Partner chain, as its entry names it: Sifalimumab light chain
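Here you get one chain, nothing else, as structure tokens; it is the form deposited without its partner chain.
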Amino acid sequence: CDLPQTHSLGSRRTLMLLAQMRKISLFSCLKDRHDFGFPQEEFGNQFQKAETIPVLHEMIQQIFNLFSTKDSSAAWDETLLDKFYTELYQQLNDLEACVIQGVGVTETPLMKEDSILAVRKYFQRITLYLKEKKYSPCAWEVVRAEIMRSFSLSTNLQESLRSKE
């Protein structure tokens, strides 16, 4: 697609927000260390040409609610989350722009849903981990790094690359 022609580094800012949002370190919370298992299998091939945009949209939508919940809103700074909501809606607006026009969704069969279906099962496990630790600060830290890696893995198909020096 070619609707939004301004910037393309909103994903790096979304993760930068997740970085300032961590109150504790993953090393401090190695008791709740649990890799949920981000489904990058549907984010490594056939998802770098306006084909996984609908997946990044539903992914940022799941992170938008996972973080908008009063449990995550109280788990993180409401101001750091405030900017995180504007960044989630910023990437959601760009991701939606492609979906608005015929672009984004093409002859590609429903197989594209497997990328969103994978991210939905990934976040489903993240929600269970939250209900298990009862929204523990350590569980939220593990979920913080898990959201950062899952989001960087989904945005790795666009510009989420630190290789630039």
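Numbering follows the first chain given and starts at 1.
Another form, the form deposited with its partner chain bound, is not on view; read the next lines as being about it.
Trainee: Is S68 near its partner chain? Define near as a heavy atom within 4.5 Å, in the deposited bound form.
Mentor: Output for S68 is yes: heavy atoms within 4.5 Å of its partner chain.
Trainee: Any chance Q48 has a heavy atom within 4.5 Å of its partner chain in the deposited bound form?
Mentor: So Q48 does not count as contacting its partner chain.
Trainee: Please tell me whether any heavy atom belonging to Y135 falls inside 4.5 Å of a heavy atom of its partner chain, as the geometry stands in the deposited bound form.
Mentor: No, no contact at 4.5 Å.
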